[PDB]
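Below: one structure, written as structure tokens.
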Amino acid sequence: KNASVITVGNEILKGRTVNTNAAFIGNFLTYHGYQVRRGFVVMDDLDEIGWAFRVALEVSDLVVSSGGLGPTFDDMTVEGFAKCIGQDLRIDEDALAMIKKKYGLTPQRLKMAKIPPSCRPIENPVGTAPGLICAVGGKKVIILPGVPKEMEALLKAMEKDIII
Amino acid sequence: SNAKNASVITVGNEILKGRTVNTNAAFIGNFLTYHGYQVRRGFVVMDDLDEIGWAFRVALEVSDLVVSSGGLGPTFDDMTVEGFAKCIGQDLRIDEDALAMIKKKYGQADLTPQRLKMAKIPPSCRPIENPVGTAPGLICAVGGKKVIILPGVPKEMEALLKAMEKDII
């Protein structure tokens with residue numbers, strides 16, 4: 001199988017931060033028997049993100065993204081994904097319950113529970129933003145936070161969804 | 001409109017596979033940012049003609065300055081120049097200055113095929129001297145857009161990018 005990796009974040013493009021997430025993702029996917037075909041790095045911009053998901057989906061069976069998931073309005077990954085697949089976001093009650101725990105919540109916080117119907121939320125064992133696994137036809141998309149420790153914990157949590 | 005937009009391309013299976021981290025893309029991103037560009041998209045692709053061609057074409061669609069590193073070197077696996085030529089519709093021809101540069105570096109009249117091929121360039125490009133390693137860089141013009149094609153060895157990539165800074169201002 002083929003996989004593609006997406007990195008969402010202006011700080012990566014500007015070289016403020018070395019893209020360690022893409023290396024961890026690529027190595028994890030390669031270890032599991034995937035050909036990692038392409039890497040896309042895009043701005044926090046919902047149309048740029050939508051474009052990357054669309055091309056990634058065309059050339060692979062599995063697409064993994066990191067970045068653009070927090071409570072900030074710079075976090076546009078899920079929206080970009082939803083625009084790509086042509087589905088509205090809905091506040092998910094399961095995600096909402098996850099968020100509530102973490103906090104004991106404003107619009108920017110509530111935003112983190114909004115997902116397309118195509119996605120299942122995966123609880124974040126380290127931070128706040130749930131990961132997403134989505135089905136787009138027979139293909140799979142995994143959407144991860146940008147914080148390395150969260151990304152790593154979540155991707156390992158999702159191994160059985162990855163194993164070929 | 002794409003005037004202050006730049007894109008970065010990294011070519012190399014080992015980067016995709018996460019065997020090495022992409023430090024070149026960080027250095028290029030920071031260099032371009034430092035000179036007032038907006039770095040719009042980053043592409044990482046395999047050592048593969050069609051994939052390399054894809055990345056350059058998309059990069060050129062969204063930016064007026066495109067900088068690539070990787071896939072320049074004395075091995076058949078180093079395919080970046082050829083991928084670039086194919087994607088702009090040009091043929092490679094031996095550049096005699098480039099060829100002379102190379103023979104001097106190797107102190108040998110008789111290069112292997114993989115070494116000789118480092119002098120093969122499309123007409124839209126000029127070679128840039130690599131004082132550190134053996135593969136020349138290339139600066140190319142595609143209409144009013146510019147394309148800088150660099151070795152993937154960080155010390156060489158950084159040396160050549162710095163030597164090109166007056167083309168970048």
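Chain labels follow the order of the structure tokens: the first chain is A, the next B, and so on; residue numbering restarts at 1 in every chain, and ligands are counted from 1 in their shown order.
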
Expected answer as a PDB file with C-alpha atoms, in the first residue's frame: chain B residues within 9 Å of chain A, only C-alpha atoms:
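Wrote it out as part24.pdb, contents follow:
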ATOM      1  CA  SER B   7       8.068  27.044  -2.520  1.00  0.00           C
ATOM      2  CA  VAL B   8      10.481  24.415  -1.295  1.00  0.00           C
ATOM      3  CA  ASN B  13      13.293   8.579  -0.380  1.00  0.00           C
ATOM      4  CA  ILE B  15      13.364  11.827   3.984  1.00  0.00           C
ATOM      5  CA  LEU B  16       9.942  10.328   3.086  1.00  0.00           C
ATOM      6  CA  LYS B  17      10.809   7.202   4.958  1.00  0.00           C
ATOM      7  CA  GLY B  18      11.881   9.203   8.030  1.00  0.00           C
ATOM      8  CA  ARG B  19      15.392   7.753   7.973  1.00  0.00           C
ATOM      9  CA  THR B  20      16.692  11.329   8.139  1.00  0.00           C
ATOM     10  CA  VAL B  21      14.913  14.507   9.267  1.00  0.00           C
ATOM     11  CA  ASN B  22      14.343  17.323   6.755  1.00  0.00           C
ATOM     12  CA  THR B  23      16.866  19.922   7.918  1.00  0.00           C
ATOM     13  CA  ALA B  25      13.766  22.389   4.136  1.00  0.00           C
ATOM     14  CA  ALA B  26      14.116  24.228   7.495  1.00  0.00           C
ATOM     15  CA  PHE B  27      17.279  26.003   6.419  1.00  0.00           C
ATOM     16  CA  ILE B  28      15.733  26.979   3.025  1.00  0.00           C
ATOM     17  CA  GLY B  29      12.442  28.035   4.659  1.00  0.00           C
ATOM     18  CA  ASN B  30      14.312  30.218   7.128  1.00  0.00           C
ATOM     19  CA  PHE B  31      16.643  31.667   4.424  1.00  0.00           C
ATOM     20  CA  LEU B  32      13.667  32.616   2.209  1.00  0.00           C
ATOM     21  CA  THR B  33      11.642  33.998   5.159  1.00  0.00           C
ATOM     22  CA  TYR B  34      14.669  36.001   6.202  1.00  0.00           C
ATOM     23  CA  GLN B  38       6.276  34.005   1.967  1.00  0.00           C
ATOM     24  CA  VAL B  39       7.044  30.283   1.932  1.00  0.00           C
ATOM     25  CA  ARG B  40       3.801  28.910   0.585  1.00  0.00           C
ATOM     26  CA  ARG B  41       4.122  25.096   0.154  1.00  0.00           C
ATOM     27  CA  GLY B  42       6.759  22.421   0.842  1.00  0.00           C
ATOM     28  CA  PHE B  43       6.928  19.212  -1.211  1.00  0.00           C
ATOM     29  CA  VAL B  44       8.785  16.016  -0.447  1.00  0.00           C
ATOM     30  CA  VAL B  45       9.058  13.552  -3.242  1.00  0.00           C
ATOM     31  CA  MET B  46      10.801  10.273  -4.142  1.00  0.00           C
ATOM     32  CA  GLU B  51       7.082  12.723  -8.986  1.00  0.00           C
TER      33      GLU B  51
END

Write out as an mmCIF file with N, CA, C and O atoms, in the first residue's frame all residues of region 24-129 of chain A that DSSP puts in strand (DSSP E or B) for this structure's backbone.
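Output below, filename states-v9.cif:
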data_model
loop_
_atom_site.group_PDB
_atom_site.id
_atom_site.type_symbol
_atom_site.label_atom_id
_atom_site.label_comp_id
_atom_site.auth_asym_id
_atom_site.auth_seq_id
_atom_site.Cartn_x
_atom_site.Cartn_y
_atom_site.Cartn_z
ATOM 1 N N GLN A 35 4.543 2.102 1.336
ATOM 2 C CA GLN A 35 5.384 3.008 0.576
ATOM 3 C C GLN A 35 4.928 4.433 0.878
ATOM 4 O O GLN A 35 3.785 4.790 0.575
ATOM 5 N N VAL A 36 5.785 5.243 1.496
ATOM 6 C CA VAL A 36 5.422 6.607 1.778
ATOM 7 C C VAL A 36 5.676 7.341 0.452
ATOM 8 O O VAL A 36 6.806 7.451 0.000
ATOM 9 N N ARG A 37 4.619 7.804 -0.205
ATOM 10 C CA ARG A 37 4.795 8.285 -1.584
ATOM 11 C C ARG A 37 5.227 9.743 -1.621
ATOM 12 O O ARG A 37 6.127 10.097 -2.368
ATOM 13 N N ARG A 38 4.572 10.586 -0.828
ATOM 14 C CA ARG A 38 4.717 12.040 -0.928
ATOM 15 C C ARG A 38 4.602 12.719 0.412
ATOM 16 O O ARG A 38 3.914 12.216 1.332
ATOM 17 N N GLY A 39 5.221 13.884 0.521
ATOM 18 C CA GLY A 39 5.058 14.677 1.747
ATOM 19 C C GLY A 39 4.629 16.054 1.280
ATOM 20 O O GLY A 39 5.234 16.600 0.347
ATOM 21 N N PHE A 40 3.585 16.597 1.901
ATOM 22 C CA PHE A 40 3.055 17.929 1.600
ATOM 23 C C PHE A 40 3.233 18.761 2.847
ATOM 24 O O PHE A 40 2.923 18.306 3.944
ATOM 25 N N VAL A 41 3.711 19.992 2.715
ATOM 26 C CA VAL A 41 3.739 20.837 3.860
ATOM 27 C C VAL A 41 2.908 22.068 3.455
ATOM 28 O O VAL A 41 3.182 22.653 2.425
ATOM 29 N N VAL A 42 1.883 22.420 4.227
ATOM 30 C CA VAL A 42 1.023 23.544 3.847
ATOM 31 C C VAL A 42 0.800 24.488 4.989
ATOM 32 O O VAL A 42 1.045 24.147 6.176
ATOM 33 N N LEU A 62 -3.713 5.506 2.264
ATOM 34 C CA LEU A 62 -3.704 5.973 3.659
ATOM 35 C C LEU A 62 -3.083 7.365 3.694
ATOM 36 O O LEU A 62 -2.015 7.554 3.124
ATOM 37 N N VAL A 63 -3.727 8.332 4.335
ATOM 38 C CA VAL A 63 -3.120 9.677 4.405
ATOM 39 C C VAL A 63 -3.033 10.033 5.872
ATOM 40 O O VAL A 63 -4.007 9.856 6.618
ATOM 41 N N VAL A 64 -1.874 10.524 6.319
ATOM 42 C CA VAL A 64 -1.733 10.902 7.732
ATOM 43 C C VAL A 64 -1.323 12.380 7.785
ATOM 44 O O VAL A 64 -0.314 12.788 7.141
ATOM 45 N N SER A 65 -2.057 13.171 8.557
ATOM 46 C CA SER A 65 -1.672 14.576 8.729
ATOM 47 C C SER A 65 -1.331 14.870 10.181
ATOM 48 O O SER A 65 -1.864 14.200 11.122
ATOM 49 N N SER A 66 -0.438 15.854 10.386
ATOM 50 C CA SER A 66 -0.262 16.396 11.728
ATOM 51 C C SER A 66 -0.253 17.912 11.670
ATOM 52 O O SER A 66 0.135 18.510 10.637
ATOM 53 N N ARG A 90 -19.963 18.587 12.295
ATOM 54 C CA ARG A 90 -20.992 18.550 13.341
ATOM 55 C C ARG A 90 -20.287 18.421 14.664
ATOM 56 O O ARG A 90 -19.245 17.762 14.758
ATOM 57 N N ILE A 91 -20.837 19.035 15.700
ATOM 58 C CA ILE A 91 -20.334 18.819 17.050
ATOM 59 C C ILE A 91 -20.637 17.348 17.410
ATOM 60 O O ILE A 91 -21.784 16.921 17.379
ATOM 61 N N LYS A 114 -15.855 19.389 16.775
ATOM 62 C CA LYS A 114 -16.571 19.403 15.513
ATOM 63 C C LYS A 114 -15.897 18.531 14.506
ATOM 64 O O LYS A 114 -14.755 18.785 14.149
ATOM 65 N N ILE A 115 -16.613 17.527 14.008
ATOM 66 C CA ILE A 115 -16.014 16.623 13.038
ATOM 67 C C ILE A 115 -16.980 16.270 11.904
ATOM 68 O O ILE A 115 -18.180 16.381 12.086
ATOM 69 N N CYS A 119 -15.573 10.753 10.072
ATOM 70 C CA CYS A 119 -14.539 10.561 11.070
ATOM 71 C C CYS A 119 -15.034 10.015 12.417
ATOM 72 O O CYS A 119 -16.097 10.396 12.863
ATOM 73 N N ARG A 120 -14.245 9.128 13.038
ATOM 74 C CA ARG A 120 -14.322 8.731 14.463
ATOM 75 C C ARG A 120 -13.255 9.513 15.289
ATOM 76 O O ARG A 120 -12.074 9.528 14.896
ATOM 77 N N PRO A 121 -13.636 10.110 16.444
ATOM 78 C CA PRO A 121 -12.589 10.742 17.287
ATOM 79 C C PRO A 121 -11.843 9.733 18.160
ATOM 80 O O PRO A 121 -12.437 8.781 18.629
ATOM 81 N N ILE A 122 -10.561 9.962 18.410
ATOM 82 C CA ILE A 122 -9.715 9.058 19.210
ATOM 83 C C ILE A 122 -9.180 9.879 20.374
ATOM 84 O O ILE A 122 -8.586 10.962 20.178
#

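Within 8 Å of region 81-95 of chain B there are residues 48, 49, 50, 51, 52, 53, 54, 56, 57, 71, 72, 98, 99, 117, 119, 120, 121, 122, 123 and 149 of chain B, counting only C-alpha atoms and ignoring same-chain residues fewer than 3 positions away.
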
Would you put the residues from that selection into a file with N, CA and C atoms, as a PDB file, in the first residue's frame?
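File written: again.pdb
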ATOM      1  N   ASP B  48      12.252  10.013  -8.340  1.00  0.00           N
ATOM      2  CA  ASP B  48      11.371   9.448  -9.356  1.00  0.00           C
ATOM      3  C   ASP B  48      11.017  10.576 -10.322  1.00  0.00           C
ATOM      4  N   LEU B  49      11.235  10.359 -11.629  1.00  0.00           N
ATOM      5  CA  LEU B  49      11.108  11.465 -12.606  1.00  0.00           C
ATOM      6  C   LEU B  49       9.760  12.113 -12.561  1.00  0.00           C
ATOM      7  N   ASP B  50       8.713  11.310 -12.543  1.00  0.00           N
ATOM      8  CA  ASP B  50       7.384  11.867 -12.702  1.00  0.00           C
ATOM      9  C   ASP B  50       6.999  12.604 -11.414  1.00  0.00           C
ATOM     10  N   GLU B  51       7.448  12.109 -10.261  1.00  0.00           N
ATOM     11  CA  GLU B  51       7.082  12.723  -8.986  1.00  0.00           C
ATOM     12  C   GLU B  51       7.796  14.039  -8.837  1.00  0.00           C
ATOM     13  N   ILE B  52       9.044  14.061  -9.291  1.00  0.00           N
ATOM     14  CA  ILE B  52       9.854  15.296  -9.268  1.00  0.00           C
ATOM     15  C   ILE B  52       9.227  16.335 -10.196  1.00  0.00           C
ATOM     16  N   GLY B  53       8.801  15.869 -11.384  1.00  0.00           N
ATOM     17  CA  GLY B  53       8.169  16.755 -12.352  1.00  0.00           C
ATOM     18  C   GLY B  53       6.884  17.380 -11.773  1.00  0.00           C
ATOM     19  N   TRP B  54       6.081  16.530 -11.111  1.00  0.00           N
ATOM     20  CA  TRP B  54       4.861  16.958 -10.420  1.00  0.00           C
ATOM     21  C   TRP B  54       5.145  18.111  -9.435  1.00  0.00           C
ATOM     22  N   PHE B  56       7.722  20.210  -9.121  1.00  0.00           N
ATOM     23  CA  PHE B  56       8.162  21.471  -9.739  1.00  0.00           C
ATOM     24  C   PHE B  56       6.983  22.183 -10.389  1.00  0.00           C
ATOM     25  N   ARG B  57       6.137  21.459 -11.110  1.00  0.00           N
ATOM     26  CA  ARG B  57       4.987  22.090 -11.755  1.00  0.00           C
ATOM     27  C   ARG B  57       3.995  22.749 -10.778  1.00  0.00           C
ATOM     28  N   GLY B  71      18.967  14.963  -4.829  1.00  0.00           N
ATOM     29  CA  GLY B  71      18.870  14.273  -6.132  1.00  0.00           C
ATOM     30  C   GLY B  71      19.808  14.834  -7.199  1.00  0.00           C
ATOM     31  N   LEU B  72      20.896  15.448  -6.738  1.00  0.00           N
ATOM     32  CA  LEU B  72      21.982  15.958  -7.607  1.00  0.00           C
ATOM     33  C   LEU B  72      23.223  15.325  -7.086  1.00  0.00           C
ATOM     34  N   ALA B  98      30.291  23.240 -17.340  1.00  0.00           N
ATOM     35  CA  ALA B  98      29.924  22.301 -16.268  1.00  0.00           C
ATOM     36  C   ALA B  98      30.830  21.064 -16.352  1.00  0.00           C
ATOM     37  N   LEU B  99      30.905  20.479 -17.556  1.00  0.00           N
ATOM     38  CA  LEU B  99      31.717  19.277 -17.766  1.00  0.00           C
ATOM     39  C   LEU B  99      33.192  19.504 -17.361  1.00  0.00           C
ATOM     40  N   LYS B 117      26.950  12.471 -16.352  1.00  0.00           N
ATOM     41  CA  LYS B 117      25.566  12.976 -16.484  1.00  0.00           C
ATOM     42  C   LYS B 117      25.318  14.217 -15.627  1.00  0.00           C
ATOM     43  N   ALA B 119      26.868  16.890 -15.823  1.00  0.00           N
ATOM     44  CA  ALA B 119      27.000  18.062 -16.712  1.00  0.00           C
ATOM     45  C   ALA B 119      25.837  18.257 -17.681  1.00  0.00           C
ATOM     46  N   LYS B 120      24.854  17.344 -17.667  1.00  0.00           N
ATOM     47  CA  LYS B 120      23.712  17.384 -18.603  1.00  0.00           C
ATOM     48  C   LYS B 120      22.657  18.334 -18.008  1.00  0.00           C
ATOM     49  N   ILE B 121      22.270  19.360 -18.757  1.00  0.00           N
ATOM     50  CA  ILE B 121      21.500  20.488 -18.207  1.00  0.00           C
ATOM     51  C   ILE B 121      20.491  20.880 -19.292  1.00  0.00           C
ATOM     52  N   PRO B 122      19.265  21.329 -18.924  1.00  0.00           N
ATOM     53  CA  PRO B 122      18.427  21.911 -19.987  1.00  0.00           C
ATOM     54  C   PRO B 122      18.836  23.379 -20.301  1.00  0.00           C
ATOM     55  N   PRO B 123      18.504  23.894 -21.495  1.00  0.00           N
ATOM     56  CA  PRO B 123      18.932  25.271 -21.840  1.00  0.00           C
ATOM     57  C   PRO B 123      18.368  26.381 -20.957  1.00  0.00           C
ATOM     58  N   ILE B 149      18.149  24.856  -8.045  1.00  0.00           N
ATOM     59  CA  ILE B 149      18.173  23.400  -7.837  1.00  0.00           C
ATOM     60  C   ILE B 149      19.519  23.097  -7.174  1.00  0.00           C
TER      61      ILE B 149
END

Task: Residue nearest residue 3 (chain B) among B:111, B:158, B:142, B:37 (counting only C-alpha atoms) - done: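 Among the listed residues, B:37 lies closest to residue 3 (chain B).
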
Task: Counting only C-alpha atoms, the option among B:65, B:169, B:11, B:109 closest to residue 144 (chain B) - done: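 Smallest distance to residue 144 (chain B) is found for B:65.
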
So that I can check the surroundings of residue 61 (chain A), please list as a short mmCIF file (atom, residue, chain, number, x, y, z; two decimals) with C-alpha atoms, in the first residue's frame every protein, DNA and RNA residue that reaches within 9 Å of it, counting only C-alpha atoms and ignoring chain neighbours fewer than 6 positions away.
data_model
loop_
_atom_site.label_atom_id
_atom_site.label_comp_id
_atom_site.auth_asym_id
_atom_site.auth_seq_id
_atom_site.Cartn_x
_atom_site.Cartn_y
_atom_site.Cartn_z
CA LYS A 1 0.00 0.00 0.00
CA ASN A 2 0.75 3.69 -0.52
CA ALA A 3 0.69 6.39 2.11
CA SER A 4 1.14 10.15 2.01
CA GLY A 138 -12.07 2.60 0.77
CA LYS A 139 -9.25 4.97 1.77
CA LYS A 140 -8.27 5.99 5.32
CA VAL A 141 -7.29 9.39 6.69
#

Task: Backbone DSSP call of alpha helix (DSSP H) for chain A, listed as a ChimeraX atom specification - done: /A:10-13,20-31,46-59,77-85,93-103,107-110,148-157,159-162

Task: Point-to-point distance in Å for CA of residue 79 (chain A) and CA of residue 144 (chain A) - done: 13.6 Å

Open item on the list: Which residues are near region 130-134 of chain A? Cut-off 9 Å, only C-alpha atoms, ignore same chain within fewer than 2 positions. Put them as a count of residues only.
Closed with: 33

Open item on the list: Give me, as JSON, numbers by chain, all polymer residues having an atom no more than 7 Å from residue 44 (chain A), counting only C-alpha atoms and skipping those fewer than 6 positions away in the same chain.
Closed with: {"A": [8, 9, 10, 68, 74, 75, 76]}

Open item on the list: So that I can check the surroundings of residue 160 (chain B), please list as number ranges by chain every protein, DNA and RNA residue that reaches within 12 Å of it, counting only C-alpha atoms and ignoring chain neighbours fewer than 6 positions away.
Closed with: B: 28, 67-69, 127-139, 148-154, 166-167
